[PDB]
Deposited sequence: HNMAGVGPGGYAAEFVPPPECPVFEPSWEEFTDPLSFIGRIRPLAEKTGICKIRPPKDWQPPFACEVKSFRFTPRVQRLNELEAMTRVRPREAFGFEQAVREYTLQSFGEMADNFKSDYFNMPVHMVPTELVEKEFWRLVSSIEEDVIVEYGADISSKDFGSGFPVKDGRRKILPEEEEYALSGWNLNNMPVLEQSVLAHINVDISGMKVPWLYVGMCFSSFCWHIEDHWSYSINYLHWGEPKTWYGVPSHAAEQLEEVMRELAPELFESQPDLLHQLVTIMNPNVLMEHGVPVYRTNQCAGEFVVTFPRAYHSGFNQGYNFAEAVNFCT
């Protein structure tokens, strides 16, 4: 029953346009800020190596009940063992190999399960893993890991999320932030929110199955917030934004029915997603994947 929102802009910059990220994002701004989110595909030869300490990478993911709002209010893993769990869950759920499940089917099933009161689906998300714990997905000239000569251009690239500017201009900065990692599985999700201080954010999918995004342009931010408070459970209606944002899951078609412009995209491995200032966004993972994200300043 789910109607996919229209696709957000996708940019395939040339090698010349790929020289500086902030310069490129500034040039695409007239279009991309009207959609809230956009996708950027690097040149096909731009392939950074995965530089996390895989042997020691261990985490305890958080548990997500898809229908918790409809129902209630209304293990330690390695990267390998989490991937085995994630692939087994998806192949068992859809009764087919994980790479044969259409992205439109996972999308339709996700939003059906969020509002379903008869079926309780529970997944796990390896979220808010600091790049300091096991290293960034990008190579970094930190001295803690070896960098091959062919990898040094990626350690120095402006599209390396560790090299994005993160310092905001202020007077307090004169009288006086690292990327985070996300290990996803099928149906693991993030609800509608904006970044702190209305900041930009950039997201890179290092590997795995796609991450599905939904975005709302900043000019409709107040409209989305009014629809939320109208339709979010009245028990949470008076909560501050910073807390309400923890339980603001909502079908994009419901927002679209109330006149809120929503755009979608499937972020595939090796592709960037940029969220613009005060652009509400949400999404879910199609399967086992690994993403890295950071807020940056212009």
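The chain's deposited sequence has unresolved stretches at 1-13, 88-100, 203-208, with no C-alpha coordinates there.
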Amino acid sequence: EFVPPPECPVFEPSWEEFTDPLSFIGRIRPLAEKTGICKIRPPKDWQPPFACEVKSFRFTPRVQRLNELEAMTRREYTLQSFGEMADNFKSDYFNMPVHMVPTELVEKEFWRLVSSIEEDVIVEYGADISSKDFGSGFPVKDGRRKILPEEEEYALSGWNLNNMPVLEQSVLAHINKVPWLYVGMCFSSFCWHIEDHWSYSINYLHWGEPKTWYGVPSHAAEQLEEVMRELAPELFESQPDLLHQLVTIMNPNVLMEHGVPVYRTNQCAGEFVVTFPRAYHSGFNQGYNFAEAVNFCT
From here on, numbers count along this sequence of modelled residues.
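Under this definition, the rigid core comprises the largest set of C-alpha atoms superposing within 1.5 Å between the forms.
Here the rigid core sets the fit, and in 9 other deposited structures of this protein the C-alphas of 64-72 stray farther than those of the other stretch, out of 27-35 and 64-72. Coverage remark for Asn176: absent from the model in at least one third of the other entries compared whose chains are built on both sides. Legend: mean Cα B-factor per stretch from the PDB entry, 24-32 versus 50-58; the higher mean is in 50-58.
Look at the C-alpha B-factors of 187-195 and of 109-117. On average they run higher in 109-117.
Taking the PDB entry at face value, the top CA B factor among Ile40, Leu69, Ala232, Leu242 belongs to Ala232. Residues shown: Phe284, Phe11, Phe18, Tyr280. Highest C-alpha temperature factor in the entry: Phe18. Residue-level temperature factors show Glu271 in the lowest third of its chain, judged at the C-alpha atom.
Ranked by Cα temperature factor within the chain, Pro165 sits in the middle third according to the deposited record. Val216 sits in the lowest third of its chain by CA B factor, as recorded in the PDB entry. In the PDB entry, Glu209 places in the lowest third of its chain by CA B-factor. Ranked by Cα temperature factor within the chain, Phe134 sits in the highest third according to the deposited record.
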